[PDB]
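Okay, here we've got a single chain as structure tokens, the form deposited without its partner chain, with questions on binding and movement later.
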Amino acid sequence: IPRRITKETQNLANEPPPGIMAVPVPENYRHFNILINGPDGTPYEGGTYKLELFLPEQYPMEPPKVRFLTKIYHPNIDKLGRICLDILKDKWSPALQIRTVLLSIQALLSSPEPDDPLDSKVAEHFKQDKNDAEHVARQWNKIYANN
């Protein structure tokens, strides 16, 4: 195991950020199961979101790959759980780390950016009527993120 991955793994296990848990899949040190609590003050409040994360072999030069497993109505997260976030793509750098990515995802849940995706119908709904799109997000939260 790369010493950096050991370090990151221990820090996340021992000092997780509030509302975030990240634990490796047994015998697969590069894969993690993540739980992020929906932030207070959002339609995701009360919900818990499952994500998975993989460290590819060219980490940390290349970013971790991360996706939602729980269904969610959010302008930056698509139907397949794919997260539109710049630090997971061209603003990644090896000076960032897994913890930074998880805090950013957690904050994305409070601060959606409805202009980033190229063609998201969900994003269009949030742009046209944010309070209305939040109804849908709040009912999905109740249905899908309450387990």
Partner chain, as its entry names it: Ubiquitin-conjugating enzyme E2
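Note that the rigid core is defined as the largest set of C-alphas that superpose within 1.5 Å between two forms. Numbering follows the first chain given and starts at 1.
Below, we refer to the form deposited with its partner chain bound, which is not included among the displayed structures.
Only one of the listed residues (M61, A107, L118, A95) places a non-hydrogen atom within 4.5 angstroms of its partner chain in the bound PDB entry, and that residue is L118. By the 4.5 Å heavy atom rule, the three marked residues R82, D90 and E124 all count as contacting its partner chain in the bound PDB entry.
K50 falls outside the set of residues with a heavy atom inside 4.5 Å of its partner chain in the bound PDB entry. Contact between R99 and its partner chain in the bound PDB entry is not found at the 4.5 Å heavy atom cutoff.
Taking its partner chain as positioned in the bound PDB entry, none of the residues of 1 to 21 brings a heavy atom within 4.5 Å of it. For the listed set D116, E45, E52, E62, the sole C-alpha moving 2 Å or more between this form and the one not shown on a rigid core superposition is that of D116.
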